[PDB]
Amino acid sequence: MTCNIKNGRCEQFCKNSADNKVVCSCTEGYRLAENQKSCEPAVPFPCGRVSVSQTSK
């Protein structure tokens, strides 16, 4: 794996590491999932997400 192709499959950030590359990371308010690619909310109101229902009626 490299960051080249689809961001190393990282949801947010990717850095190339020795050969078997990809270390994914996340911005403040998120934590790297055990899954090691995805980013989980670590706070009640994490930056950059819409939490008010947008689907009303």
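Residues carry their position along the shown sequence, with the first being 1. Whichever C-alpha set is largest while still superposing within 1.5 Å between the two forms counts as the rigid core.
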{"property": "Between 43 to 51 and 29 to 37, the one whose CA atoms sit farther away in 5 other deposited structures of this protein (rigid core aligned)", "result": "29 to 37"}
{"property": "At least a third of other PDB entries omit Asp19", "result": "yes"}
{"property": "Selected stretch [higher average CA B-factor]: 43 to 51 or 18 to 26", "result": "18 to 26"}
{"property": "Residue range whose averaged C-alpha B-factor is higher in the record, 6 to 14 or 34 to 42", "result": "34 to 42"}
